[PDB]
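Presented below is the structure to which this report refers.
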Amino acid sequence: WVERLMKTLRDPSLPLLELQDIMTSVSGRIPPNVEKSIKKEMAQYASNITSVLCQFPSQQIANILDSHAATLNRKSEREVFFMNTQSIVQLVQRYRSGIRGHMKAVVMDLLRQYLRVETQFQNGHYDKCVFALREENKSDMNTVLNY
Amino acid sequence: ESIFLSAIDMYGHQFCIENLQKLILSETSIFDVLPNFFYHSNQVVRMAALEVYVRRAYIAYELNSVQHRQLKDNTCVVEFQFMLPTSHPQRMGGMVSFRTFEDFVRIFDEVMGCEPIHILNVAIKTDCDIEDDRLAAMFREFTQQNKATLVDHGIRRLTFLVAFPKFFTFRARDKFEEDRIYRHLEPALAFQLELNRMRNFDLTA
C-alpha cells in the first residue's frame, strides 16, 4: 500500500485524471467560456507530460473561474457558478504547489492522525487518560471509543 | 551542472524550475556546457538539458508543446511543437543525441518514428580534434545516400551539433546537402538575426 501510494503521488498524470472526473460530472450549469478554457488548459498540461518544466495549471484554471466571478452575474447566476465549481476549486487548492507539495501533504496528514490519537494517552495510566477524554467529549462517547 | 543535477533527485522543488528558466533566459551563453549532458550519468538529465537547449536556441519560435520520449537503449528523444509568429507564415521538431557517429545511423530509422514541416536536431559526442572537412564529408555521405528525411514524413533541415560547438546544417530537399552560411551557427537563430537582408553580399563569418 505504501509503495503504490508513493508511486501514484509522483505520477504527473494524477491531478488531470481528477480534473477529468470532476469536470465531466458537471457539464451543465457551467458557463461555456470557462468550460472551453479549462478543457484547453488541461489539454496543454497533457501535452507537456514527461518534461522537467511540466507543472499542473492550477493557477490558470483558478484565473479563468475568477475572471467569470469578476464579471459576477447577479441573482441565481451568482450562486450557481460558485457552487457548481466547488470541486474544481478543491482540486486546484490541493495542487497549488504541484504533485510534490500534494505528496508531502498527504503523508503529513497521516502522521497528524497518529499524533491526534497518541498524544492523548501520554501522561499516566490508561483509565486516567480515558477519563480525560470522557470529560472533554461530554456530548459524544463514540469519539472516546474511537480513540 | 549544479542546476541540471540537483533538479534530478525529485523534480518539482519549486526552485529548480526557476533555475532552469534562468539557464534559458540569462545573458551568459551555456552552449559550451549543454552538449556535455549527452547522458552524464543520471539519464534523466538528458531530458532537462535538451529542454533548456532547445528552449534557449528557439527563443524566437513560439513553443507551445514539448514532450520527452525514451527508448530502452541510448536514445533520449524530445519532440517540440511550435509556430512561426512573423516569418514566412505550424512546424514541428525534435532533438536527440548519439555517440561517436555510427550510433546515429544504427537506429536512425527508429528515432524518426515519432509538407516537410519537421526539423530534426542531432548531437554527436566526438570530443576530439576539430576536423571540419572530415566531419562534413561524413555527414554528406549519410544525407546523400539515405533519404528518409523525404520518404518517411518530411524533414525540412537536419542539423548536426559537433562538440566550442561546431554546427553543420544539411538540407536534403532541393539544394545540395550543404550550408556554408550557417556553418558553426545554429539556424534556429535565422529569425533572431535578420540574415535574409544580405542577399546582395557574400558573407564570411
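To be explicit about the labels: the chains of the C-alpha cells are called A, B, and onward in the order shown, and within each one the residues are counted from 1, while ligands get numbers from 1 in the order they are shown.
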
> Which residues of chain A are close to chain B, meaning at most 6 Å apart when you count only C-alpha atoms, and how do they look as a list in words?
Replying inline: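 The complete set of qualifying residues is residues 47, 48, 50, 51 and 52 of chain A.
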
For the residues in that selection, give me N, CA, C and O atoms as a short mmCIF file (atom, residue, chain, number, x, y, z; two decimals), in the first residue's frame.
```cif
data_model
loop_
_atom_site.label_atom_id
_atom_site.label_comp_id
_atom_site.auth_asym_id
_atom_site.auth_seq_id
_atom_site.Cartn_x
_atom_site.Cartn_y
_atom_site.Cartn_z
N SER A 47 -0.16 17.70 -22.94
CA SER A 47 0.86 17.72 -23.98
C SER A 47 2.26 17.83 -23.40
O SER A 47 3.22 17.38 -24.05
N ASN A 48 2.42 18.41 -22.21
CA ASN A 48 3.75 18.61 -21.64
C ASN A 48 4.20 17.51 -20.68
O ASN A 48 5.23 17.68 -20.02
N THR A 50 6.04 14.37 -19.09
CA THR A 50 7.43 13.97 -19.27
C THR A 50 8.24 15.17 -19.75
O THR A 50 8.86 15.13 -20.82
N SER A 51 8.23 16.24 -18.96
CA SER A 51 9.08 17.39 -19.20
C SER A 51 9.39 18.03 -17.86
O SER A 51 8.50 18.15 -17.01
N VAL A 52 10.64 18.44 -17.66
CA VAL A 52 11.06 18.99 -16.38
C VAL A 52 10.34 20.29 -16.05
O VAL A 52 10.29 20.67 -14.87
#
```

>> Taking 2 positions as the minimum chain separation for residues in the same chain, which residues sit within 8 Å of residue B:101 when counting only C-alpha atoms? Answer as a list in words.
In response: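 The contact residues come out as residues 98, 99, 103, 104, 105, 124, 125 and 126 of chain B.
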
Go ahead and dump the residues you just picked, N, CA, C and O atoms, as a PDB file, in the first residue's frame.
```
ATOM      1  N   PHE B  98      23.555  11.283 -29.757  1.00  0.00           N
ATOM      2  CA  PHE B  98      24.132   9.986 -30.111  1.00  0.00           C
ATOM      3  C   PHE B  98      25.578   9.944 -29.629  1.00  0.00           C
ATOM      4  O   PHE B  98      26.044  10.846 -28.927  1.00  0.00           O
ATOM      5  N   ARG B  99      26.286   8.876 -30.010  1.00  0.00           N
ATOM      6  CA  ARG B  99      27.680   8.674 -29.647  1.00  0.00           C
ATOM      7  C   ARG B  99      28.498   8.281 -30.872  1.00  0.00           C
ATOM      8  O   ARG B  99      28.120   7.392 -31.641  1.00  0.00           O
ATOM      9  N   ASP B 103      26.490   5.293 -34.074  1.00  0.00           N
ATOM     10  CA  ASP B 103      25.275   5.174 -33.293  1.00  0.00           C
ATOM     11  C   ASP B 103      24.136   5.966 -33.921  1.00  0.00           C
ATOM     12  O   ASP B 103      22.966   5.610 -33.750  1.00  0.00           O
ATOM     13  N   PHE B 104      24.457   7.033 -34.656  1.00  0.00           N
ATOM     14  CA  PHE B 104      23.423   7.763 -35.374  1.00  0.00           C
ATOM     15  C   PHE B 104      22.753   6.877 -36.418  1.00  0.00           C
ATOM     16  O   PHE B 104      21.531   6.696 -36.397  1.00  0.00           O
ATOM     17  N   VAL B 105      23.538   6.295 -37.328  1.00  0.00           N
ATOM     18  CA  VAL B 105      22.931   5.521 -38.405  1.00  0.00           C
ATOM     19  C   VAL B 105      22.331   4.229 -37.871  1.00  0.00           C
ATOM     20  O   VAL B 105      21.421   3.663 -38.489  1.00  0.00           O
ATOM     21  N   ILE B 124      26.169  14.825 -31.506  1.00  0.00           N
ATOM     22  CA  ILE B 124      27.017  13.644 -31.588  1.00  0.00           C
ATOM     23  C   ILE B 124      28.303  13.920 -30.823  1.00  0.00           C
ATOM     24  O   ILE B 124      29.055  14.848 -31.148  1.00  0.00           O
ATOM     25  N   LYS B 125      28.567  13.081 -29.828  1.00  0.00           N
ATOM     26  CA  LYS B 125      29.753  13.154 -28.992  1.00  0.00           C
ATOM     27  C   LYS B 125      31.001  12.729 -29.764  1.00  0.00           C
ATOM     28  O   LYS B 125      31.214  11.535 -29.994  1.00  0.00           O
ATOM     29  N   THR B 126      31.823  13.697 -30.167  1.00  0.00           N
ATOM     30  CA  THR B 126      33.106  13.442 -30.828  1.00  0.00           C
ATOM     31  C   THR B 126      34.188  14.344 -30.233  1.00  0.00           C
ATOM     32  O   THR B 126      34.911  15.047 -30.931  1.00  0.00           O
TER      33      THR B 126
END
```

> atom CA of residue B:164 and atom CA of residue B:76, how far apart in Å?
Replying inline: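 Here the two named atoms are 22.6 Å from each other.
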
>> Taking the DSSP secondary structure from the backbone, can you list the residues of chain B that are helix (DSSP H, G or I), as a ChimeraX atom specification?
In response: /B:2-6,16-24,34-36,45-57,102-106,108-111,132-145,148-151,187-189,195-198

>> Need to verify the contact set: stretch 127-142 of chain A, 12 Å, only C-alpha atoms, exclusion of same-chain residues closer than 6 positions in sequence. Can you return it as a PyMOL selection string?
In response: chain A and resi 117-121

>> Taking 5 positions as the minimum chain separation for residues in the same chain, which residues sit within 8 Å of stretch 7-13 of chain A when counting only C-alpha atoms? Answer as a list in words.
In response: residues 46, 49, 99, 100, 102 and 103 of chain A

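Residue nearest residue B:30 within the list B:177, B:194, B:9, B:1: B:1 [criterion: smallest interatomic distance, only C-alpha atoms].
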
> If you count only C-alpha atoms, which residues fall within 9 Å of residue A:42, apart from same-chain ones fewer than 6 positions away, as a VMD selection string?
Replying inline: chain A and resid 16 19 to 20 56 to 57 61

Next, the residues of the selection above should be written as a CSV table (one decimal), in the first residue's frame with C-alpha atoms.
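Written output follows (result24.csv):
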```csv
chain,number,residue,atom,x,y,z
A,16,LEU,CA,-5.6,15.8,-14.5
A,19,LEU,CA,-9.9,17.0,-13.2
A,20,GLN,CA,-11.5,14.8,-15.9
A,56,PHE,CA,-0.2,21.5,-13.3
A,57,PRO,CA,-2.1,24.6,-14.4
A,61,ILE,CA,-8.0,27.3,-14.1
```

> If we count only C-alpha atoms, what is near stretch 151-158 of chain B at a cut-off of 8 Å, once residues fewer than 3 positions away on the same chain are taken out, given as JSON, numbers by chain?
Replying inline: {"B": [112, 115, 116, 117, 118, 119, 120, 121, 122, 147, 148, 169, 170, 171, 172, 173]}

Pull N, CA, C and O atoms from the residues just selected and write them as a PDB file, in the first residue's frame.
```pdb
ATOM      1  N   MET B 112      13.218   8.283 -35.955  1.00  0.00           N
ATOM      2  CA  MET B 112      12.285   9.020 -36.789  1.00  0.00           C
ATOM      3  C   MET B 112      10.846   8.568 -36.609  1.00  0.00           C
ATOM      4  O   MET B 112       9.944   9.206 -37.161  1.00  0.00           O
ATOM      5  N   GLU B 115       3.681  18.017 -46.444  1.00  0.00           N
ATOM      6  CA  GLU B 115       4.693  19.067 -46.443  1.00  0.00           C
ATOM      7  C   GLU B 115       5.812  18.710 -45.447  1.00  0.00           C
ATOM      8  O   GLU B 115       5.521  18.210 -44.360  1.00  0.00           O
ATOM      9  N   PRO B 116       7.093  18.966 -45.800  1.00  0.00           N
ATOM     10  CA  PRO B 116       8.167  18.646 -44.833  1.00  0.00           C
ATOM     11  C   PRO B 116       8.320  19.724 -43.767  1.00  0.00           C
ATOM     12  O   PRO B 116       9.180  20.604 -43.836  1.00  0.00           O
ATOM     13  N   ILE B 117       7.465  19.655 -42.740  1.00  0.00           N
ATOM     14  CA  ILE B 117       7.474  20.648 -41.669  1.00  0.00           C
ATOM     15  C   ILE B 117       8.344  20.239 -40.492  1.00  0.00           C
ATOM     16  O   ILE B 117       8.517  21.035 -39.558  1.00  0.00           O
ATOM     17  N   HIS B 118       8.889  19.027 -40.493  1.00  0.00           N
ATOM     18  CA  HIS B 118       9.635  18.537 -39.347  1.00  0.00           C
ATOM     19  C   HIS B 118      11.065  19.053 -39.385  1.00  0.00           C
ATOM     20  O   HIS B 118      11.649  19.235 -40.457  1.00  0.00           O
ATOM     21  N   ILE B 119      11.612  19.310 -38.203  1.00  0.00           N
ATOM     22  CA  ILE B 119      13.002  19.708 -38.027  1.00  0.00           C
ATOM     23  C   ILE B 119      13.622  18.741 -37.035  1.00  0.00           C
ATOM     24  O   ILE B 119      13.064  18.513 -35.958  1.00  0.00           O
ATOM     25  N   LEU B 120      14.776  18.189 -37.385  1.00  0.00           N
ATOM     26  CA  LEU B 120      15.489  17.269 -36.513  1.00  0.00           C
ATOM     27  C   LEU B 120      16.855  17.835 -36.180  1.00  0.00           C
ATOM     28  O   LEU B 120      17.608  18.224 -37.077  1.00  0.00           O
ATOM     29  N   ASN B 121      17.168  17.863 -34.890  1.00  0.00           N
ATOM     30  CA  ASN B 121      18.486  18.221 -34.400  1.00  0.00           C
ATOM     31  C   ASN B 121      19.165  16.978 -33.864  1.00  0.00           C
ATOM     32  O   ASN B 121      18.538  16.167 -33.176  1.00  0.00           O
ATOM     33  N   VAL B 122      20.446  16.839 -34.181  1.00  0.00           N
ATOM     34  CA  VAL B 122      21.234  15.666 -33.837  1.00  0.00           C
ATOM     35  C   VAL B 122      22.527  16.155 -33.209  1.00  0.00           C
ATOM     36  O   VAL B 122      23.207  17.013 -33.778  1.00  0.00           O
ATOM     37  N   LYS B 147      17.651   8.909 -47.758  1.00  0.00           N
ATOM     38  CA  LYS B 147      16.648   9.943 -47.991  1.00  0.00           C
ATOM     39  C   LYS B 147      15.405   9.720 -47.141  1.00  0.00           C
ATOM     40  O   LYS B 147      14.292  10.048 -47.559  1.00  0.00           O
ATOM     41  N   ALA B 148      15.592   9.174 -45.937  1.00  0.00           N
ATOM     42  CA  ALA B 148      14.483   9.017 -45.003  1.00  0.00           C
ATOM     43  C   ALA B 148      13.815  10.351 -44.700  1.00  0.00           C
ATOM     44  O   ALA B 148      12.615  10.391 -44.409  1.00  0.00           O
ATOM     45  N   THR B 169      24.840  22.160 -40.980  1.00  0.00           N
ATOM     46  CA  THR B 169      23.445  22.081 -41.393  1.00  0.00           C
ATOM     47  C   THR B 169      23.370  21.509 -42.799  1.00  0.00           C
ATOM     48  O   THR B 169      24.128  21.921 -43.681  1.00  0.00           O
ATOM     49  N   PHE B 170      22.442  20.574 -43.006  1.00  0.00           N
ATOM     50  CA  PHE B 170      22.258  19.911 -44.290  1.00  0.00           C
ATOM     51  C   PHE B 170      20.772  19.867 -44.594  1.00  0.00           C
ATOM     52  O   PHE B 170      19.983  19.380 -43.775  1.00  0.00           O
ATOM     53  N   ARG B 171      20.394  20.391 -45.756  1.00  0.00           N
ATOM     54  CA  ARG B 171      19.026  20.326 -46.252  1.00  0.00           C
ATOM     55  C   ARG B 171      18.982  19.339 -47.408  1.00  0.00           C
ATOM     56  O   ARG B 171      19.534  19.604 -48.481  1.00  0.00           O
ATOM     57  N   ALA B 172      18.344  18.198 -47.175  1.00  0.00           N
ATOM     58  CA  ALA B 172      18.200  17.157 -48.180  1.00  0.00           C
ATOM     59  C   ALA B 172      16.815  17.255 -48.806  1.00  0.00           C
ATOM     60  O   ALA B 172      16.012  16.318 -48.718  1.00  0.00           O
ATOM     61  N   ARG B 173      16.516  18.417 -49.383  1.00  0.00           N
ATOM     62  CA  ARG B 173      15.225  18.619 -50.034  1.00  0.00           C
ATOM     63  C   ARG B 173      15.322  19.117 -51.474  1.00  0.00           C
ATOM     64  O   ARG B 173      14.722  18.521 -52.378  1.00  0.00           O
TER      65      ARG B 173
END
```

> Do you have the atom CA of residue A:30-atom CA of residue A:79 distance handy?
Replying inline: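 Result for atom CA of residue A:30 versus atom CA of residue A:79: 11.6 Å, one decimal.
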